[PDB]
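Novice: A single structure is presented below for examination.
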Amino acid sequence: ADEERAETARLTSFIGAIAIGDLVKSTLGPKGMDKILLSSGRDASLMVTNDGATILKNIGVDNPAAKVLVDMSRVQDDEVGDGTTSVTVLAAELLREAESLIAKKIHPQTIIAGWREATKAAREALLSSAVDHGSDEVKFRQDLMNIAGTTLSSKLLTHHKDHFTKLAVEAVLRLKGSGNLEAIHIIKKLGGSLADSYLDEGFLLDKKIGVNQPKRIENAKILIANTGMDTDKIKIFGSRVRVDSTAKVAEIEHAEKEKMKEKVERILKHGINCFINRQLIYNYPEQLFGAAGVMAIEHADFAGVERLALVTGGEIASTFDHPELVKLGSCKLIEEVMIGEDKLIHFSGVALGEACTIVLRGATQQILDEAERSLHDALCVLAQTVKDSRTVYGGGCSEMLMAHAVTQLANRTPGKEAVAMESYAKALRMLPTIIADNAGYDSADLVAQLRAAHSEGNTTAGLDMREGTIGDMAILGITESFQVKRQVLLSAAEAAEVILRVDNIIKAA
Amino acid sequence: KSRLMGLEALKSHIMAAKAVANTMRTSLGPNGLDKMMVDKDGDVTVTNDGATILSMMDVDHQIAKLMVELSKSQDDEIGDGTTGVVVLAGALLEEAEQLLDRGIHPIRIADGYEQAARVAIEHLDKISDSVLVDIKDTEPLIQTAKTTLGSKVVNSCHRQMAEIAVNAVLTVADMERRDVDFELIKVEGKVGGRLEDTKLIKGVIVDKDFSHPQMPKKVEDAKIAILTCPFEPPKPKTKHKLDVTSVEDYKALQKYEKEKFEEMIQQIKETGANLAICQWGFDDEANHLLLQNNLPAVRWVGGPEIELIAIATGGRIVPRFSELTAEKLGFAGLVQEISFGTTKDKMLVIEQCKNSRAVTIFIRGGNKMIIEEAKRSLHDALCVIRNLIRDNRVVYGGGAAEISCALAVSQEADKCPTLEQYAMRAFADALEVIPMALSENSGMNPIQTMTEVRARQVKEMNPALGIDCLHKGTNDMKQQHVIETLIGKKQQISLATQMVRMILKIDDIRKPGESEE
Amino acid sequence: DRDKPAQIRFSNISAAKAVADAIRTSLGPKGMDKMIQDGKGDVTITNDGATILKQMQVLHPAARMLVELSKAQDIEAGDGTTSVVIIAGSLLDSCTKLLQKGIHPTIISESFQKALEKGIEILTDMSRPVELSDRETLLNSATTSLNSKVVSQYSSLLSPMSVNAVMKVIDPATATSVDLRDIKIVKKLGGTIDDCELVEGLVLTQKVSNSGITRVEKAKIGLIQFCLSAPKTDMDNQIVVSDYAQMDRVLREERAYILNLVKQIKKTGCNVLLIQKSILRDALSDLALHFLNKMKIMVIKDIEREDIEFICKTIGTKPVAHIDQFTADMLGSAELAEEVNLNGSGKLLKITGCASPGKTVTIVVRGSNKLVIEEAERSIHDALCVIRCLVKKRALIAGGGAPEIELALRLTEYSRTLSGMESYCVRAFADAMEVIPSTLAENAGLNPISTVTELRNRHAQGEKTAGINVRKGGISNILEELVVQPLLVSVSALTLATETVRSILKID
Amino acid sequence: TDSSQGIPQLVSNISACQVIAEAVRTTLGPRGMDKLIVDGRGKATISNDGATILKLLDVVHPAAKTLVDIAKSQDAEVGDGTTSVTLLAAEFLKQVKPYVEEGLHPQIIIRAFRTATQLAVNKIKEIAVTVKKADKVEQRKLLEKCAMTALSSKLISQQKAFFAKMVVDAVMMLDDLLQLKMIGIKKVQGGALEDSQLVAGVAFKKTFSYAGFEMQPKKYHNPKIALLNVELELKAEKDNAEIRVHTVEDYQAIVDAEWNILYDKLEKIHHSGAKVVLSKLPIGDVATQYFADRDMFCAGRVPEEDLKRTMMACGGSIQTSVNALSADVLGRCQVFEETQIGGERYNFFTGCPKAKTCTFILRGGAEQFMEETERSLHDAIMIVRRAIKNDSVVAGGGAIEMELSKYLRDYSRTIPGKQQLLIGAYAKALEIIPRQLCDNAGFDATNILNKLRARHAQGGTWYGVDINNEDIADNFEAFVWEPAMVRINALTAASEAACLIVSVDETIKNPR
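Shown next as structure tokens:
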């Protein structure tokens, strides 16, 4: 196994991971330019990305240091949502620094040293640019509407965001201080328009067994079950699948019917008007639920039967291991109703009040799953925005603010730490270059002016990639929540600092 | 056929060795830098602890092969210097080489290294304190078990791991000899918690067999029933389906299980616990019917486990249903059923005071690699006191002791003369290479920070204060709280000065032409 | 880099003009055929945009964008497959330089996609409204386009049949897009052109009813996606006889499926039955289907699914894949359904009249032989297409690429009116319109170089009069020899250039 | 069907024979470079001598194969004398090559070789000195000082003088062979250096902990020892099975019937004669449960080198089963005593009915000193055994080697002819052997060698350069002590091992 010493791994660390920070910063900003997605080894079919996380997920990279970023990318993208393309570049921004610093004789120990303290200096300046908006519900309304769709900006489909973010803020407006994304039932379902993407108050199922089970019911008891029917679960009502004798295989079906039929009983005898099964429902027990006033929905959504268990107050049957014994889902309203082109089974009267079904309606699924990809990262920031209602002034504003802050701190520090810390806030100054140069406008003008603006200090005028020029952050909607920034300010310098301690790399590959 | 002559073999032994030694010296201290491992599969892992990473490193070259084998015995007793031996074993290496290239025999200075190793040992043995106690060690163990965690996994002190790592030793330290061994306590990695979430257990623990969660989770007595025999009807890793001559015979089959449950519960009840540890995982449809008869059976757990948890109590495993015996059942001071992680089920926690042949610190982590290097932390904090148990002993420095150790060996060179003066020349400096090579991977001149304690060793003797592993501005090996068993440093010397001599073993470097393939 | 992406997008910019150039000297019938060797190594002689790009092609992203272009033109229109590919490389010249001229490619695109908006604004302004409710003005610009274009012979016969289908399927005044979904292109084998018909219910390809009713009133349209044969293992029926003592015992339950589902057809009642093919459906018991026929339901056994699809949605015969789904209601109700051997030779089940979603008409392409049936296809279809363009964007416009050269003249000056960093953009944009008729004034012969010179000036002078006669290929009137763009044939290709280009300019 | 004729093949033979001697140049006094040698099998290959790597190296040469076999013909006899023969005969061959160009090629080749090799053995047994039980020593005090010769010659410490008598114990007990295959030595990590031990039979380093291992006897005064070449574990006889259930009663059974046989397997020797059962291969839980059910001793994974010497010691037999075996195939001692020494669970086997094994137990409390003395034990063994076998004791370290070539330089004057060249080559070959141990003594060979020559124009009794003292002086009085028998042996090899192929300059090979 081959030992990579300092510069071998470290250059290999830069070339990939900084370029990994590049094609993603090529996507940084909505005017971060579209990157045609050229996949590695499979799927020649090409999307075109305004968000670099795709590339990271689409294109695999051989650089191990770059293999780290995609995960850190997914750290943001999953945990924090937005900040995904950004966490990758700021590290590369700090890596571009260590390009010199290493060859400039600075040991990566020191390179972490300043960035250890410097990370908070920006955090603290971004704690200073952290100011609570959303301290009022109307604020919170528009504070969501601020950073809700702001999450959707670079992300390829910012257009239906008009209808989407209104949906996205309403469901979280309904959360009312208690973030629940499981009480939001996420259904990406084709049909109708994309502006026909919808938010139900209640639960819902994209699964419809059909109209051969009762469609609408009031005061309905929903059985939440993995209970099988043709599947032959426990508690013999009549012969299940087995051979106990010559003719015992024949005693199966008719008594399996009775078993299916008393697996109506056990299921029905809950008193249900709806039986929602995450597993199969055979047609006779199905239709015998349809004859029992029970709506039996086959193989209903895993997450749905799970959220129906969460939002509606249901318990899973333990896979019929509670033949009569399982607590029901209880939703006073059953609606089999068409959102889009598809009849979907709506459930209201559910246990949770925040319980909602956001129905994302694809006019095409490429935008639909994209709506769902743009949906939750907002909801990620939103639940964050819920818990901490606040903003930070983006578009380079707080960047340059933090830049002028940490640098002037890198000016009052400047021991071994500033060697990193001057290298630190320059990245805070270098990302404002990225979006504006993505915007195709001189940063050296704007940045160095944004510098002056934030060398005067600023919460307001910041580089607006919408305008492509320096402009207000008043909470204009391009003012970012403190939610993602702190996470990126945490997550970004890490992978840099992470590779900073391991230049030594032993490779048996 | 390849034929190397003298230095040629050596020079061929020099190539990767120093290169491998080079990777060690930038790993020295928090000043140092971890060694990432990309596997033969390409698996990218940050690692350390040379024998560990030298086991991950594929050893083709010969001298590196002992670096796995030598550093093995290094990590066991000590826990540190495994990354530090190859430093000196690489540092003392080209010491002899250039001497051999000065015309100096392998016959000549090679003895002098060991001959300087003993006197450096002899010198070391004075430095700081050969003395500790079960109380004193704790603070060295604190500043060990703070930083041992606080180097590898985190940099912060995690106390619940820190002193539980040392007390685990201290729990079995006084079980034998006043000396634990490194198996005589165990570190069990599983992640249900965070890093700080851990279980100090005076016996082994497992995740209990759960054939359904709603069935009651219970634990009783002090004792456990460890079972090769049936606890309830046993199942031998083999399906048993439903065949009954009548539709009534299925419900008649239902009683057979439950009655043989309680019967063999009653047969376990009188003997040990009411609980199983059963070498046979039985039918979980039936097991939760016994979990409906409660008194939870621990089943579907390894055949080595019934062996393990038995011997960990000093007990046995009941081979046959007619062989059921309390001694053939395992034990504990307390068997308790405690939640593994916060949210998950309650693992059966067997805390064994009826004997402890392993006191298992069970550890949780946010991730493997952290709980790994938290484990890999614990092991060293466990290994360092495995020195302490034998002699309660420590020292402060690699940049305090050695520069001082060298300082005796230093002028002792010209006190040698003829053969080993060039040895104790090449020995003493090779000692000071480590603070050099650590000052190397520090932000400082490896010459000047070595010059630092050089002047200091021209001043202070047997220093508790030496250069910075912890990378501070002040260099105080006591107040850097870099703490290494003077056994270990001594043993390290014995082990580090070892390999270089060993490449001289016989006169035969002779190969058929394959010394590596 | 953006430059490696540039060099990529230049390669995109380049290859997008590369194969699309075979389309450019192919513009119109005066545009020329290109013999095209194929991945199979076969000469393919094609003058048209949709065929050339989609027939032989390569892996380059531009080639991916090529096939999108006429196709996006097709779903919009089906008319202007070539022209939509002519506007790309036009802009691709307007595009490439602005990079090299120091303009950011989003600014280049947000120019051109906006330059589109302001630009194509005056197209409809230059355009003229025509009546989409009146059959003639429909048929006019339908056939006037067909007079401007190739298909005449059976069109002037079936272009009014087109509009006869169109007039039927036009509910509103803008006539929506006249989705050809409201129309059904169908083909009978026997018969001549004049046999081409328009039926509110749906004509069905062949039919099979053995003992059954050949013409049935108020016809419940049955859908059998189930079987008339008990489910198959080794046979069509469920009968597999390995023992007689068991066969008497097998006798008992095999009697149902042939009876029940068959009778269930007339238990729910059916005047008709749609049944997919004995290959499309496992087994169809004829011994059951005979009694099923003999129940005087109208059975089309082995009927194609895509007609069933058009039966399901357009005339409202709702999906029955199952007995749980088989009811009298999910049956369509055919105001008449008839097996028709008439209109030449061969059987066709004709639902004649139906209760239908949308306005459902089946236009059955027919001709003395198969190609003459195929001649009847674009005879109905091309007019339907030029209609569905004329209706989707209501106004008509004088065609021939004059509005290209016309508004190419203007938007430049209006680009120049914009100032900003995109004036040079939008002007380059505006210019690109000129090259389309250039190639047209090229391909039709003689001098394109002159043609657009005076025209764009004539378009500051006479505009709509002076233009490119596709026959003449020079300064002329598309009004004097009538060349009409139903706006969507133009309005289609407008954004499709800018869109993929905006993408491929934004593409790294 | 290939041959090379004339001098070209002849001279070509020597280097292939010589290069291996260039390895062993001094591998007896070990110091030099030792490369760990990994062959194409992935096998890391080393030696304490030249012979084992010689065992590892193969050649298509008959020549290079001969002296190999010859050094091996010398090897397995004493366990030593390999490098000696390896150097000398090759040295002859090495030195005649320039003569070969002058030509020795007439069969005046072969004569002065063996003709002058008797002159040595003529000088050997006349200068040879015999040792006895009452003589200067107990012959144990010799085997003491011949251990103090062989053990101490390489370092270590006065345990070398302590071991000097201690190693002789199992020696005297077992002395028949030149080597230890009855004796053996038990390495003990733990204890300390000053105490090393000896057992009158095998004593197992470690036997291995099980379930009920503590609950099984570690002590027998009457071990009847099943000596197993074969394991009994949970894998040996399966506990896995199944059976049909409409009644769960049989779950206990279908495993239990197999369970009975694991029991019955180990029990059937237990029942027949066996108390102690020593397996050299694993013992797993459910098997050792029955071994713990037996509480007549269980072992597994134990050394067979002890276990087969246990057969030697006990009188029982290595057992390839636990079954079909009698009570006589069982090993027997009057002591089975397991008292753990360090980490080694340490079985005392003594009081054997025969005790053909008596094993010295080297206890270091540390690793390094032991394997240095354990290597010096083989030294002692190869000597102290042979010091009994041939009581006539010559001295090494250029004692006679410089004294022979002394006369054998003096014997040159009377020769002259073509073989006077051989005489000089034959002479200094004796002196090319210490020509290294000089370097191992740190000395320049030649001046020291020339001194020794002058020292053999002055002295010449035992005088020689001794890496033992790193001096130049009498060897036998320096306690350089090895029997004079191996000399004739080596010298029967030395001149004759060279004369084989030099009798052949035309060497035919064939594919078949």
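Chains as they are written, first to last, in the UniProt record's numbering: chain X, 16 to 524; chain B, 25 to 541; chain R, 26 to 533; chain V, 13 to 524.
Positions of the beta carbon are idealized from the N, C-alpha and C atoms, including for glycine.
Identify the continuous alpha helix (DSSP H) that holds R466(X) and give its terminal residues.
Specialist: As a first step, residue 466(X) must be located in the first sequence, where it is residue number 451. That run of the alpha helix (DSSP H) goes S458 to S470.
Novice: Return the chain-ordered ranges of every beta strand (DSSP E) run that is complete within the segment 494 to 531 of chain R and spans a minimum of 3 residues.
Specialist: The qualifying runs are 509 to 511.
Novice: Quick check on the DSSP output: the beta strand (DSSP E) that includes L375(X) runs from which residue to which?
Specialist: For the purposes of this step, residue 375(X) is identified with residue 360 of the first sequence, where counting begins at 1. From DSSP, the beta strand (DSSP E) with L375(X) extends over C371 to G377.
Novice: Would you say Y456(X) faces chain R, with C-beta separation under 9 Å as the test?
Specialist: Mapped onto the first sequence, residue 456(X) falls at position 441. Taking Cβ atoms only, chain R reaches closer than 9 Å to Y456(X), which makes this a yes.
Novice: DSSP state of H505(B), grouped into three classes?
Specialist: Your numbering for residue 505(B) matches position 481 in the second sequence. Helix at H505(B).
Novice: Closer than 9 Å, Cβ to Cβ, to anything on chain V: give me those residues from the segment 251 to 280 of chain B, in chain order.
Specialist: Listed in sequence order: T252, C253, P254, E256, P257, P258, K259, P260, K261, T262, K263, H264, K265, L266, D267, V268, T269, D273, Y274, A276, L277 and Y280.
Novice: Tell me which residues of the segment 43 to 70 of chain V have at least one Cβ-Cβ distance to chain B shorter than 8 Å, keeping chain order.
Specialist: Against chain B - using a Cβ distance shorter than 8 Å - the residues of the segment 43 to 70 of chain V are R43, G44, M45, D46, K47, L48, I49, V50, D51, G52, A56, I58, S59, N60, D61, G62, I65, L68, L69 and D70.
Novice: Quick one, are the C-beta atoms of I111(R) and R49(R) less than 9 Å apart?
Specialist: By one-based count along the third sequence, residue 111(R) stands at place 86. By one-based count along the third sequence, residue 49(R) stands at place 24. In this structure, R49(R) lies closer than 9 Å to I111(R) by Cβ.
Novice: Contact defined as beta carbons within less than 8 Å: I believe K368(V) pairs with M324(V). What is the distance between those atoms, to the nearest angstrom?
Specialist: Position 356 of the fourth sequence holds residue 368(V). Position 312 of the fourth sequence holds residue 324(V). Indeed, because the Cβ distance is near 4 Å, the residues count as touching under 8 Å.
Novice: Can you tell me which of the three DSSP states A59(X) falls into?
Specialist: If you number the first sequence from 1, residue 59(X) lands on position 44. Of the three classes helix, strand and coil, the one that applies to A59(X) here is coil, per DSSP.
Novice: Report the residue from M458(R), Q263(R), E242(R) and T121(R) whose alpha carbon sits nearest the alpha carbon of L436(R).
Specialist: Counting from one through the third sequence, the residue named residue 436(R) turns up at place 411. Minimum Cα distance to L436(R) is reached at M458(R).
Novice: Pick from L442(V), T385(V) and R499(V): whose alpha carbon is nearest that of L99(V)?
Specialist: Counted from its first residue, the fourth sequence places residue 99(V) at position 87. Of the listed residues, the one whose Cα sits closest to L99(V) is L442(V).
Novice: Quick check: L163(R) and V416(R), are their CB atoms within less than 9 Å of each other?
Specialist: Counted from its first residue, the third sequence places residue 163(R) at position 138. Counted from its first residue, the third sequence places residue 416(R) at position 391. Cβ distance < 9 Å, so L163(R) and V416(R) count as in contact.
Novice: Answer with yes or no whether the minimum CB distance from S333(X) to chain B is below 9 Å.
Specialist: Taking the first sequence and counting its residues from 1, one reaches residue 333(X) at position 318. It does: the Cβ of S333(X) has a partner Cβ on chain B nearer than 9 Å.
Novice: Is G429(V) buried or exposed, if buried means 16 or more other CB atoms sit within 10 Å of its CB?
Specialist: Mapped onto the fourth sequence, residue 429(V) falls at position 417. Exposed is the call here.
Novice: Identify which residue in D297(V), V242(V), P523(V) and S164(V) has its Cα closest to the Cα of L337(V).
Specialist: Position 325 of the fourth sequence, counted from the start, is the residue given in the question as residue 337(V). Comparing Cα-Cα distances from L337(V) to each of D297(V), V242(V), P523(V) and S164(V), the minimum goes to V242(V).
Novice: So who's on the other strand from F216(V), going by DSSP bridges?
Specialist: Here residue 216(V) refers to the residue found at position 204 of the fourth sequence. The partner list for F216(V) (beta bridge, DSSP) reads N359(V).
Novice: Taking only runs of the beta strand (DSSP E) that begin and end inside the segment 41 to 129 of chain R, which ones reach a length of at least 3 residues, in chain order?
Specialist: For the segment 41 to 129 of chain R, not a single whole beta strand (DSSP E) run of length 3 or above is found.
Novice: Nearest-angstrom Cα distance between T180(X) and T165(X)?
Specialist: Working through the first sequence from its first residue, we reach residue 180(X) at position 165. Working through the first sequence from its first residue, we reach residue 165(X) at position 150. Taking the straight line from one Cα to the other gives about 9 Å.
Novice: Taking a contact to mean a Cβ-Cβ separation below 9 Å, would you say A102(V) touches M394(V) in this structure?
Specialist: For the purposes of this step, residue 102(V) is identified with residue 90 of the fourth sequence, where counting begins at 1. For the purposes of this step, residue 394(V) is identified with residue 382 of the fourth sequence, where counting begins at 1. No, Cβ-Cβ distance for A102(V) and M394(V) is not below 9 Å.
Novice: Could you pull out every unbroken alpha helix (DSSP H) segment of at least 4 residues lying fully inside the segment 146 to 177 of chain X, listed in chain order?
Specialist: List check, alpha helix (DSSP H) in window: 152 to 165.
Novice: Can you find a CB in chain B that lies within less than 9 Å of the CB of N195(X)?
Specialist: Taking the first sequence and counting its residues from 1, one reaches residue 195(X) at position 180. Closer than 9 Å: no.
Novice: Under 9 Å, do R527(R) and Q125(R) count as touching if we go by C-beta distance?
Specialist: Start at 1 with the first residue of the third sequence, and residue 527(R) comes out as number 502. Start at 1 with the first residue of the third sequence, and residue 125(R) comes out as number 100. Their beta carbons are not under 9 Å apart, which means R527(R) does not touch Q125(R) by this criterion.
Novice: Near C410(R), what residues of its chain come up, given a Cβ to Cβ distance below 7 Å and the 5 sequence neighbours on each side ignored?
Specialist: Taking the third sequence and counting its residues from 1, the one referred to as residue 410(R) is at position 385. Result list for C410(R): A102, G103 and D104, in chain order.
Novice: Would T377(R) pass as a contact of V224(R) if the rule is Cβ separation under 9 Å?
Specialist: Residue mapping note: residue 377(R) aligns to position 352 of the third sequence, counting from 1. Residue mapping note: residue 224(R) aligns to position 199 of the third sequence, counting from 1. Yes; because the gap between Cβ atoms is below 9 Å, this pair is in contact.
Novice: Hey, quick one: how far does the beta strand (DSSP E) through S345(X) stretch, first residue to last?
Specialist: As a working note, residue 345(X) is residue 330 in the first sequence. It spans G344 to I354 - the beta strand (DSSP E) in which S345(X) sits, taken as one unbroken run.
Novice: Quick one: using the 10 Å Cβ neighbour count with 16 as the cut-off for buried, is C377(B) buried or exposed?
Specialist: As a first step, residue 377(B) must be located in the second sequence, where it is residue number 353. Exposed: under 16 other Cβ atoms inside 10 Å.
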